[PDB]
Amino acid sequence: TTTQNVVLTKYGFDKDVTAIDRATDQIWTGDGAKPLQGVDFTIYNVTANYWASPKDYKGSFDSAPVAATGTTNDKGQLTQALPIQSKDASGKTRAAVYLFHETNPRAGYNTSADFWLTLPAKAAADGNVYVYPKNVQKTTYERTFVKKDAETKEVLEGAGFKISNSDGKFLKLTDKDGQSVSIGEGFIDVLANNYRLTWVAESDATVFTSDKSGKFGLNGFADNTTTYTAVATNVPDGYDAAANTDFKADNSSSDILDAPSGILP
């Protein structure tokens, strides 16, 4: 019959800050750390795996049934009621053991290590068992471009670009689950939207487009050492296609110029 509520809360910290551990009976607000939404966990029931030989259990969830799955909400939380008792491989009732496995980290963050515990666990005053897995922020990189009229030097809205890598593959943004998303004008905040960068054929690539300040680009690049190329695909009427622009994700902004098309007598 009986279950305990396990409340998992996922907080992000500055890269050089390492949270102190919290007991399961303590409610911790995160002290200003940012809650991480959209992070997927699978909870495995490893009762049988552990009780086959407790002193040898090193975290295997091979063949373990899935007790639950979830995704952190806006508060960084997922809550799951778990049976405090479960059966081992021979059918005998035992204290249940559950292993928490992060299957999909937030963009810009490392995954957290697998952890496990026995129930019932020490609970807070409200009866819930609180866990706070650590996800360390990894440094990522961004790039901004400003489209301008080569003659007037004024910013130019509505210019379309695709991005290519050294293999001739082009950038496609997806959501956390790998599905298509609708990208508009401007700088795309990959980190804030929890998007992914993928590399595909030119025809399926994402088009980035200069906004009303001429701006386009994105964050969430893995490194600042690889060369990519911005290639004009949509040219505003009355301009000549900008030349390809080689770049690195180096957190800079730089201008891409469009020459007004010349009309001769």
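Numbers follow the displayed sequence, beginning with 1.
K.L.:
Please compare 64-72 with 199-207 and say which has the higher mean C-alpha temperature factor in the record.
P.N.:
Higher mean C-alpha B-factor: 199-207.
K.L.:
Going by the average Cα B-factor in the PDB entry, point out whether 177-185 or 146-154 comes out higher.
P.N.:
Comparing averages over the C-alpha atoms only gives 177-185.
K.L.:
Among the modelled residues of its chain, does the C-alpha B-factor of residue 255 lie in the lowest, middle or highest third?
P.N.:
It belongs to the lowest third of the chain when residues are ordered by C-alpha B-factor.
K.L.:
Against its chain's modelled residues, does residue 98's Cα B factor rank lowest, middle or highest third?
P.N.:
Lowest third - that is where residue 98 ends up once the chain's C-alpha B-factors are sorted.
K.L.:
Ranking the modelled residues of this chain by C-alpha B-factor as given in the entry, is residue 217 in the lowest, middle or highest third?
P.N.:
Lowest third.
K.L.:
What third of the chain does residue 83 rank in for C-alpha temperature factor, lowest, middle or highest?
P.N.:
Within its chain, residue 83 is a lowest-third residue by C-alpha B-factor, going by the deposited values.
K.L.:
Sorting by Cα B-factor within the chain, modelled residues only, which third would residue 112 end up in: lowest, middle or highest?
P.N.:
Ranked within chain, residue 112 CA B lands in the middle tercile.
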